[PDB]
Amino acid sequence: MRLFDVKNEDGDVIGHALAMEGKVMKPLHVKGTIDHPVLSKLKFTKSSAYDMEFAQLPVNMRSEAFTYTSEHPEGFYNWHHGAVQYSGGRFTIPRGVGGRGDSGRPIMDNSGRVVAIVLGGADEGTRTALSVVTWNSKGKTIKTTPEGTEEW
């Protein structure tokens, strides 16, 4: 398992945490408990500048973890709800698809590698532009956020 639910007290899924490159990562804005006995007990380092927090995965979950890539050429990508378009510096999905609870979900290329983590989105034009976290070829973290983004 490399994707885990983040839940509130009533067991409602409010976001997601993911296992990637030796770390468990989740949007900082999602205040809930990761639905896993070990992951919910780890010490997380916060990074409010990129709306995220992480902890080191136990060595045994490392094999199960997602791989990340800075390679995100223009085109179409994959995510839980279908296709995600990457065009003109923007990841977009159809209107009426994403919403609260989808933060923490990865966007993946066809090889299954993660190219971005969803934080929220904003309706722009006839579609919805996504606020996301990525890392460039230099390993630099980048949070890209459309104006009037709603946290998911």
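Just count from 1 along the sequence shown to find any residue number.
Participant: Comparing 26 to 34 with 112 to 120, where is the mean C-alpha B-factor higher?
Facilitator: 26 to 34 has the higher mean C-alpha B-factor.
Participant: On mean Cα temperature factor in this entry, is 44 to 52 or 97 to 105 the higher one?
Facilitator: Higher mean C-alpha B-factor in the PDB entry: 44 to 52.
Participant: Report the option among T128, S137, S131, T134 whose CA atom has the maximum B-factor in the deposited record.
Facilitator: Spelled out: the listed residue with the top C-alpha B-factor is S137.
Participant: Looking at the entry's B-factor column for C-alpha atoms only, identify whether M61 ranks in the lowest, middle or highest third of its chain.
Facilitator: Highest third - that is where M61 ends up once the chain's C-alpha B-factors are sorted.
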